[PDB]
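This document opens with one chain alone, in structure tokens, the form deposited in one PDB entry.
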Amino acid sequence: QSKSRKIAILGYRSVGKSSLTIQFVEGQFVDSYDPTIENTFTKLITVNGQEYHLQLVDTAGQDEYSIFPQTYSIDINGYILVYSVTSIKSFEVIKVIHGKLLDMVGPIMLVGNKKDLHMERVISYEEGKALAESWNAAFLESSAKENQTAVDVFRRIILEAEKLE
């Protein structure tokens, strides 16, 4: 009866990929986490009464140039593309990442993290929303400081997978 899913969390460095995943997995907000390592977390969750075992591939992070390794496209059932609402460069980069990803595969969602930082925000909600609409993808904003927003992210990619499945 059980169901395994492997999810890759992509984005520019310091957007909060690790912080988000850890919020969800451990239920606590981390400051000290190293941006170099790739890590793979597990979690169990029930979505519409189906129990999933999630493998969450928190990538180191990438930029305009870096080429996709094969762990970014083999055996992946969902992608979470994260930018930070405080970094325009993170937002330009995530459009690049999304382009490369369609070519390197031939269920993706977009998350604008760090929404709690109202004095540093330089990307509007609607910019993110418009972009994901342009990809035909789900969009959420999140704060790694706020558990429900991180839970909502990872739940959402499963919900997205259930339709596209």
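Just count from 1 along the sequence shown to find any residue number. By rigid core we mean the largest C-alpha set that fits within 1.5 Å across both forms.
From this point on, the text means the form solved in complex with a small molecule, which you will not see here.
In the deposited bound form, none of the heavy atoms of residue 126 sits within 4.5 Å of a heavy atom of the small molecule. Among residues of the shown chain, residue 79 is one whose heavy atoms approach the small molecule to within 4.5 Å in the deposited bound form. In the deposited bound form, no heavy atom of residue 139 sits within 4.5 Å of the small molecule.
Taking the partner from the other structure, the small molecule in the deposited bound form has a heavy atom within 4.5 Å of a heavy atom of residue 104. Only one of 64, 26, 38, 133 lies close to the small molecule in the deposited bound form, with a heavy atom inside 4.5 Å, and it is 38. Core-based superposition between this form and the one not shown leaves all of 69, 99, 27, 35 but one with CA shifts under 2 Å; the exception is 69.
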